[PDB]
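my_file.tsv follows (TSV, C-alpha atoms):
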chain	number	residue	atom	x	y	z
A	380	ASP	CA	-45.47	7.14	4.59
A	381	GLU	CA	-45.67	3.40	5.28
A	382	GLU	CA	-48.20	1.45	7.35
A	383	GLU	CA	-47.03	-0.43	10.43
A	384	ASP	CA	-50.06	-2.74	10.40
A	385	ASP	CA	-47.97	-5.60	9.00
A	386	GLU	CA	-47.57	-8.44	11.50
A	387	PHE	CA	-46.55	-12.07	11.03
A	388	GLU	CA	-47.75	-14.82	13.35
A	389	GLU	CA	-48.14	-18.60	13.29
A	390	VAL	CA	-49.82	-20.14	16.34
A	391	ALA	CA	-52.63	-22.69	16.48
A	392	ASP	CA	-53.55	-26.07	17.98
A	393	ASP	CA	-53.49	-29.13	15.73
A	394	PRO	CA	-56.95	-30.27	14.52
A	395	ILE	CA	-58.58	-33.61	15.37
A	396	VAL	CA	-59.15	-36.31	12.76
A	397	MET	CA	-61.57	-39.24	12.97
A	398	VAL	CA	-59.81	-42.56	12.35
A	399	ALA	CA	-61.87	-45.74	12.08
A	400	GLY	CA	-64.60	-43.89	13.95
A	401	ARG	CA	-62.30	-42.62	16.69
A	402	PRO	CA	-60.64	-39.26	17.54
A	403	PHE	CA	-57.03	-38.82	16.45
A	404	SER	CA	-54.44	-36.18	15.59
A	405	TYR	CA	-53.83	-35.13	11.98
A	406	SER	CA	-50.08	-35.15	12.64
A	407	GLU	CA	-50.23	-38.68	14.05
A	408	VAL	CA	-52.09	-39.81	10.94
A	409	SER	CA	-49.41	-38.61	8.52
A	410	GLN	CA	-46.85	-40.43	10.64
A	411	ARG	CA	-48.83	-43.66	10.31
A	412	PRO	CA	-50.20	-44.30	6.78
A	413	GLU	CA	-51.87	-47.44	8.13
A	414	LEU	CA	-54.33	-45.20	9.95
A	415	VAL	CA	-55.57	-43.76	6.65
A	416	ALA	CA	-56.34	-47.25	5.35
A	417	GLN	CA	-58.36	-47.91	8.50
A	418	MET	CA	-60.37	-44.71	7.99
A	419	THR	CA	-63.73	-45.23	6.29
A	420	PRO	CA	-64.51	-43.53	2.94
A	421	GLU	CA	-66.38	-40.62	4.51
A	422	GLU	CA	-63.73	-40.49	7.22
A	423	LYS	CA	-61.07	-40.42	4.50
A	424	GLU	CA	-62.69	-37.32	3.03
A	425	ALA	CA	-62.63	-35.49	6.36
A	426	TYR	CA	-58.90	-36.20	6.38
A	427	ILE	CA	-58.35	-34.68	2.96
A	428	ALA	CA	-60.92	-31.94	3.50
A	429	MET	CA	-59.02	-30.55	6.48
A	430	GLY	CA	-55.88	-30.31	4.37
A	431	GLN	CA	-57.53	-28.05	1.81
A	432	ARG	CA	-58.95	-25.84	4.57
A	433	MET	CA	-55.45	-25.24	5.93
A	434	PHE	CA	-54.13	-24.56	2.42
A	435	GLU	CA	-56.84	-21.98	1.69
A	436	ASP	CA	-54.34	-19.13	2.04
A	437	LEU	CA	-50.74	-20.11	1.29
A	438	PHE	CA	-49.16	-18.33	-1.68
A	439	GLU	CA	-45.40	-18.33	-2.23
Can the structure from this file be put into structure tokens for me?
Amino acid sequence: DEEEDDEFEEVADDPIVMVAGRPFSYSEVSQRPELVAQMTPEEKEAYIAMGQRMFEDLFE
């Protein structure tokens, strides 16, 4: 009758963000807005780009 192929999971390692030309954690960046200001223009995009990638499949 019904399919039992429905499973819910949420496990994954946090991605790495480049701040001022150095490796950093996306979570650490949000905690420190000053880091974003230190990030170059192109580096700033990589910060925002990652966000969209994670929000590619999130419908409520």
(request) Compile the contact shell of residue A:408 as a PyMOL selection string: residues with an atom at most 12 Å away, counting only C-alpha atoms, same-chain residues fewer than 2 positions apart removed. (result) chain A and resi 393-399+402-406+410-418+423+426-427
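Straight-line separation from atom CA of residue A:433 to atom CA of residue A:392: 12.2 Å.
Straight-line separation from atom CA of residue A:438 to atom CA of residue A:387: 14.4 Å.
As for atom CA of residue A:437 and atom CA of residue A:385, they are spaced 16.7 Å apart.
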(request) Kindly indicate which residue among A:400, A:391, A:407, A:382 lies nearest to residue A:422, using all atoms listed in the file for the distances. (result)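 Using all atoms listed in the file, the shortest distance to residue A:422 belongs to A:400.
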From the coordinates supplied, stretch 388-421 of chain A should be written with N, CA and C atoms, as an mmCIF file, in the first residue's frame.
data_model
loop_
_atom_site.group_PDB
_atom_site.id
_atom_site.type_symbol
_atom_site.label_atom_id
_atom_site.label_comp_id
_atom_site.auth_asym_id
_atom_site.auth_seq_id
_atom_site.Cartn_x
_atom_site.Cartn_y
_atom_site.Cartn_z
ATOM 1 N N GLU A 388 17.160 12.446 7.499
ATOM 2 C CA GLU A 388 18.491 12.528 8.086
ATOM 3 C C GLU A 388 19.069 13.932 7.934
ATOM 4 N N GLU A 389 19.973 14.296 8.838
ATOM 5 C CA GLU A 389 20.601 15.611 8.801
ATOM 6 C C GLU A 389 21.993 15.567 9.425
ATOM 7 N N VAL A 390 22.967 15.097 8.654
ATOM 8 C CA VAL A 390 24.341 15.006 9.131
ATOM 9 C C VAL A 390 25.324 15.471 8.060
ATOM 10 N N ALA A 391 26.220 16.377 8.438
ATOM 11 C CA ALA A 391 27.215 16.901 7.510
ATOM 12 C C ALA A 391 28.180 17.846 8.215
ATOM 13 N N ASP A 392 29.427 17.862 7.753
ATOM 14 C CA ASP A 392 30.449 18.723 8.338
ATOM 15 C C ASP A 392 30.335 20.143 7.797
ATOM 16 N N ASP A 393 30.540 21.124 8.671
ATOM 17 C CA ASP A 393 30.460 22.526 8.278
ATOM 18 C C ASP A 393 31.497 22.850 7.203
ATOM 19 N N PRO A 394 31.120 23.666 6.202
ATOM 20 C CA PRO A 394 32.025 24.048 5.114
ATOM 21 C C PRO A 394 33.070 25.067 5.558
ATOM 22 N N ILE A 395 34.095 25.252 4.734
ATOM 23 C CA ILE A 395 35.161 26.198 5.039
ATOM 24 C C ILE A 395 35.022 27.467 4.204
ATOM 25 N N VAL A 396 35.181 28.613 4.854
ATOM 26 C CA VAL A 396 35.080 29.899 4.180
ATOM 27 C C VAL A 396 36.417 30.633 4.210
ATOM 28 N N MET A 397 36.736 31.325 3.122
ATOM 29 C CA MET A 397 37.987 32.067 3.035
ATOM 30 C C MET A 397 37.803 33.499 3.527
ATOM 31 N N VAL A 398 38.452 33.828 4.638
ATOM 32 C CA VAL A 398 38.362 35.167 5.210
ATOM 33 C C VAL A 398 39.694 35.900 5.094
ATOM 34 N N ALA A 399 39.678 37.043 4.414
ATOM 35 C CA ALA A 399 40.886 37.841 4.232
ATOM 36 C C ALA A 399 42.008 37.019 3.604
ATOM 37 N N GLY A 400 41.632 36.003 2.833
ATOM 38 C CA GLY A 400 42.620 35.157 2.187
ATOM 39 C C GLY A 400 43.104 34.032 3.082
ATOM 40 N N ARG A 401 42.287 33.663 4.064
ATOM 41 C CA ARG A 401 42.640 32.592 4.989
ATOM 42 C C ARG A 401 41.444 31.677 5.239
ATOM 43 N N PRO A 402 41.698 30.397 5.564
ATOM 44 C CA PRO A 402 40.631 29.426 5.824
ATOM 45 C C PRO A 402 39.920 29.685 7.147
ATOM 46 N N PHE A 403 38.595 29.603 7.120
ATOM 47 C CA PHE A 403 37.786 29.827 8.313
ATOM 48 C C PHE A 403 36.496 29.018 8.249
ATOM 49 N N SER A 404 35.750 29.009 9.346
ATOM 50 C CA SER A 404 34.492 28.275 9.404
ATOM 51 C C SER A 404 33.314 29.215 9.170
ATOM 52 N N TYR A 405 32.355 28.766 8.367
ATOM 53 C CA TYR A 405 31.178 29.570 8.059
ATOM 54 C C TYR A 405 30.443 29.975 9.333
ATOM 55 N N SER A 406 30.370 29.051 10.286
ATOM 56 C CA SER A 406 29.697 29.313 11.552
ATOM 57 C C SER A 406 30.419 30.403 12.340
ATOM 58 N N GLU A 407 31.747 30.355 12.325
ATOM 59 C CA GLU A 407 32.556 31.336 13.039
ATOM 60 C C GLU A 407 32.407 32.723 12.425
ATOM 61 N N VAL A 408 32.147 32.757 11.127
ATOM 62 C CA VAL A 408 31.978 34.019 10.413
ATOM 63 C C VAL A 408 30.703 34.731 10.855
ATOM 64 N N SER A 409 29.603 33.988 10.904
ATOM 65 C CA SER A 409 28.319 34.550 11.309
ATOM 66 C C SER A 409 28.382 35.079 12.735
ATOM 67 N N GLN A 410 29.219 34.453 13.549
ATOM 68 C CA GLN A 410 29.381 34.857 14.941
ATOM 69 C C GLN A 410 30.178 36.153 15.042
ATOM 70 N N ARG A 411 31.023 36.394 14.051
ATOM 71 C CA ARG A 411 31.848 37.595 14.018
ATOM 72 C C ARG A 411 31.649 38.352 12.706
ATOM 73 N N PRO A 412 30.749 39.353 12.692
ATOM 74 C CA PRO A 412 30.474 40.148 11.489
ATOM 75 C C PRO A 412 31.706 40.899 10.995
ATOM 76 N N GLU A 413 32.655 41.136 11.896
ATOM 77 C CA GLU A 413 33.880 41.844 11.546
ATOM 78 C C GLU A 413 34.679 41.067 10.508
ATOM 79 N N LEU A 414 34.536 39.750 10.534
ATOM 80 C CA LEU A 414 35.243 38.884 9.596
ATOM 81 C C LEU A 414 34.772 39.138 8.167
ATOM 82 N N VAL A 415 33.474 39.368 8.012
ATOM 83 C CA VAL A 415 32.896 39.624 6.698
ATOM 84 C C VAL A 415 33.472 40.895 6.087
ATOM 85 N N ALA A 416 33.659 41.915 6.919
ATOM 86 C CA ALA A 416 34.206 43.185 6.457
ATOM 87 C C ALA A 416 35.658 43.032 6.024
ATOM 88 N N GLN A 417 36.341 42.062 6.615
ATOM 89 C CA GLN A 417 37.741 41.801 6.293
ATOM 90 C C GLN A 417 37.867 40.977 5.015
ATOM 91 N N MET A 418 36.790 40.288 4.649
ATOM 92 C CA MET A 418 36.783 39.461 3.448
ATOM 93 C C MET A 418 36.728 40.323 2.191
ATOM 94 N N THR A 419 37.600 40.025 1.235
ATOM 95 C CA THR A 419 37.643 40.769 -0.019
ATOM 96 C C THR A 419 36.332 40.599 -0.782
ATOM 97 N N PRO A 420 36.102 41.417 -1.823
ATOM 98 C CA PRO A 420 34.874 41.342 -2.623
ATOM 99 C C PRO A 420 34.603 39.931 -3.130
ATOM 100 N N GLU A 421 35.569 39.361 -3.842
ATOM 101 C CA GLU A 421 35.424 38.009 -4.365
ATOM 102 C C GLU A 421 35.210 37.029 -3.219
#
